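Protein chains: 2
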Amino acid sequence: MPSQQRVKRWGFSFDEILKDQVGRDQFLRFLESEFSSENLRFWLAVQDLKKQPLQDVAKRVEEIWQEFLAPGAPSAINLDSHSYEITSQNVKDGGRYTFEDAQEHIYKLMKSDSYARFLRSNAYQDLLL
Amino acid sequence: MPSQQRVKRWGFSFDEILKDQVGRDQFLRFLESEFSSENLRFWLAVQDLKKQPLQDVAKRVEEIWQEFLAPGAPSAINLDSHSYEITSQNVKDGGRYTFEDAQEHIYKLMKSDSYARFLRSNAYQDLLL
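Just so you know, the protein sequences line up as chains A and B, in that order. Counting from 1, one number per residue, gives the positions in the first sequence under the working numbering. Counting from 1001, one number per residue, gives the positions in the second sequence under the working numbering.
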């Protein structure tokens, strides 16, 4: 069995249960009797995602979405609409907007600092007849 | 050659140059004489990223970072510190925080709605002796 000292520590804070795998397994059996175990399994799945090699992330994200959030998901969780929409966008985006702010800065830089100069260039003006 | 009508359209707005591949190539040759072509190549690289199959994104992101932003990058661009730090975090994160808001909502849900109930459970209390 586990000691009284650690069994007591689980009742100190929720974080203490999450940190101790035996307390967490006990909590999980409780959630199963509550029919709310999908919450812990999702949380655990997302923690595991953070530890994944880069090359495995995209697949794991899709698996988490399909398991917990997609239409017809076998372990549907309930989110506030805000975090659902953000999550759905992140999953759909799939890393493709990693350089959004950077690209916007550079777009503005070219527009303000290079574009008007081009138009004044002989390179350009020589084309205009 | 290109017509006067389209050559003129390039001077209508910067977006018109970016849309027309012949105007864009002309702009690029100008940037090369300005030694600022890395700005356009970065912008173009990021546009191409948005069109990539999911399985290719992670690699392409690392290639863009290495080409334009990493220490010792062959085509160094200059960003404001803010977009640099955001970009660097996005690249490092690598999709692993796709479920950040969702996980936080579920963490709070378990803490508020399930945790205290567990502690009151016979499941738990039976362990305490």
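We treat Cβ as the ideally placed atom computed from N, Cα and C, and that holds for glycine.
**Message:** Counting only Cβ pairs nearer than 7 angstroms, list the residues of chain B close to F12 of chain A.
**Reply:** As a position in the first sequence, residue 12 of chain A is number 12, starting the count at 1. By Cβ distance, chain B contributes nothing, its closest Cβ being about 10 angstroms from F12 of chain A, past 7 angstroms.
**Prompt:** Is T98 of chain A helix, strand or coil by DSSP?
**Reply:** Along the first sequence, read from residue 1 onward, the residue named residue 98 of chain A stands at position 98. DSSP places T98 of chain A in the coil class of the three-state scheme, outside both helix and strand.
**Straight-line Cα distance separating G1023 of chain B from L40 of chain A** = For the purposes of this step, residue 40 of chain A is taken as residue 40 along the first sequence, with counting starting at 1. For the purposes of this step, residue 1023 of chain B is taken as residue 23 along the second sequence, with counting starting at 1. Rounded to the nearest angstrom, the two C-alpha atoms are 55 angstroms apart.
**Prompt:** For the stretch 1015-1045 of chain B, which segments carrying the alpha helix (DSSP H) assignment without a break, of at least 4 residues, lie completely within its bounds, in sequence order?
**Reply:** Whole alpha helix (DSSP H) segments, 4+ residues: 1021-1034.
**Request:** Could you tell me whether the stretch 32-49 of chain A touches the stretch 1073-1081 of chain B, where touching means 3 or more Cβ pairs closer than 8 angstroms?
**Result:** Segments in contact, no.
**Message:** Closest to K1059 of chain B by C-alpha separation, out of B:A1070, B:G1094 and B:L1109, would be which residue?
**Reply:** Here residue 1059 of chain B is taken as the residue at index 59 of the second sequence, counted from 1. Considering only alpha carbons, the answer is B:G1094.
**Request:** Give a yes or no on whether 7 angstroms exceeds the smallest Cβ distance from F35 of chain A to chain B.
**Result:** For this step, residue 35 of chain A is matched to residue 35 along the first sequence. Chain B, which has no Cβ nearer than 7 angstroms to the Cβ of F35 of chain A, makes this no.
**Message:** Alpha carbons only, please: which of B:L1119, B:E1062 and B:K1019 is nearest the one belonging to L1044 of chain B?
**Reply:** Position 44 of the second sequence holds residue 1044 of chain B. The option with the nearest alpha carbon to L1044 of chain B is B:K1019.
**Prompt:** Are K1111 of chain B and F27 of chain A close, meaning C-beta to C-beta below 7 angstroms?
**Reply:** Taking the second sequence and counting its residues from 1, the one referred to as residue 1111 of chain B is at position 111. Taking the first sequence and counting its residues from 1, the one referred to as residue 27 of chain A is at position 27. No, they are not a contact pair.
**Asked** Quick one: is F1012 of chain B buried, meaning 16 or more other Cβ sit within 10 Å of its Cβ, or exposed?
**Response** The sequence position of residue 1012 of chain B within the second sequence is 12, counting from 1. It is exposed - the Cβ of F1012 of chain B has fewer than 16 other Cβ atoms within 10 Å.
**Asked** Does the beta carbon of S114 of chain A sit closer than 7 angstroms to a beta carbon anywhere in chain B?
**Response** For the purposes of this step, residue 114 of chain A is identified with residue 114 of the first sequence, where counting begins at 1. Yes, because at least one Cβ of chain B sits closer than 7 angstroms to the Cβ of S114 of chain A.
**Request:** Mind listing the chain A neighbours of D1080 of chain B? Cutoff is C-beta to C-beta under 7 angstroms, in chain order.
**Result:** Translated into positions along the second sequence, residue 1080 of chain B becomes position 80. Chain A residues near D1080 of chain B: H105.
**Item:** Extent of the continuous alpha helix (DSSP H) run through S88 of chain A
**Value:** By one-based count along the first sequence, residue 88 of chain A stands at place 88. Per DSSP, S88 of chain A is one residue of the alpha helix (DSSP H) stretching across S81 to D93.
**Request:** Starting from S1083 of chain B, find everything on chain A with Cβ-Cβ shorter than 7 angstroms and list it in chain order.
**Result:** Translated into positions along the second sequence, residue 1083 of chain B becomes position 83. Near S1083 of chain B (Cβ distances below 7 angstroms), the residues of chain A are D101, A102 and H105.
**Request:** Locate the alpha helix (DSSP H) running through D56 of chain A, then write down its first and last residues.
**Result:** Walking along the first sequence from the start, residue 56 of chain A turns up at place 56. Element bounds for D56 of chain A: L54 to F68.
**Prompt:** Run through DSSP, which three-state label would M1110 of chain B get?
**Reply:** As a working note, residue 1110 of chain B is residue 110 in the second sequence. Correct three-state label for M1110 of chain B: helix.
**Cβ of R1009 of chain B within 7 angstroms of any chain A Cβ** = The sequence position of residue 1009 of chain B within the second sequence is 9, counting from 1. At a cut-off of 7 angstroms between beta carbons, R1009 of chain B makes no contact with chain A.
**Request:** Determine contact between the stretch 89-103 of chain A and the stretch 1116-1128 of chain B, defined as no fewer than three beta-carbon pairs at a distance below 8 angstroms.
**Result:** Three or more beta-carbon pairs separated by less than 8 angstroms are not found between the stretch 89-103 of chain A and the stretch 1116-1128 of chain B, which leaves the two stretches without contact.
**Message:** Tell me the rounded alpha-carbon separation between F1042 of chain B and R9 of chain A.
**Reply:** For the purposes of this step, residue 1042 of chain B is identified with residue 42 of the second sequence, where counting begins at 1. For the purposes of this step, residue 9 of chain A is identified with residue 9 of the first sequence, where counting begins at 1. Spanning the alpha carbons of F1042 of chain B and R9 of chain A requires a straight line of approximately 53 angstroms.
**Asked** Is the CB of residue 1146 of chain B under 7 angstroms away from at least one CB in chain A?
**Response** The requested residue 1146 of chain B is not part of the displayed model; chain B covers only 1001 to 1129.
**Message:** Pop quiz: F118 of chain A and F1030 of chain B are said to be a contact at Cβ under 8 angstroms. What is the actual Cβ separation, rounded to whole angstroms?
**Reply:** Start at 1 with the first residue of the first sequence, and residue 118 of chain A comes out as number 118. Start at 1 with the first residue of the second sequence, and residue 1030 of chain B comes out as number 30. Between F1030 of chain B and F118 of chain A the Cβ distance is about 5 angstroms, and since that is below 8 angstroms, they are a contact.
**Message:** Distance check for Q1066 of chain B and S1075 of chain B, CA to CA, integer angstroms please.
**Reply:** Your numbering for residue 1075 of chain B matches position 75 in the second sequence. Your numbering for residue 1066 of chain B matches position 66 in the second sequence. So the alpha carbons of these two residues sit roughly 9 angstroms apart.
**Item:** Interface positions of the stretch 1016-1033 of chain B facing chain A (Cβ-Cβ less than 9 angstroms), listed along the chain
**Value:** Contacts with chain A (Cβ-Cβ distance below 9 angstroms) from the stretch 1016-1033 of chain B involve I1017, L1018, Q1026, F1027, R1029, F1030, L1031 and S1033, listed in chain order.
**Asked** Do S83 of chain A and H1105 of chain B have their C-beta atoms closer together than 7 angstroms?
**Response** Stepping through the first sequence from its first residue, residue 83 of chain A is reached at position 83. Stepping through the second sequence from its first residue, residue 1105 of chain B is reached at position 105. Going by C-beta atoms, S83 of chain A is nearer than 7 angstroms to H1105 of chain B.
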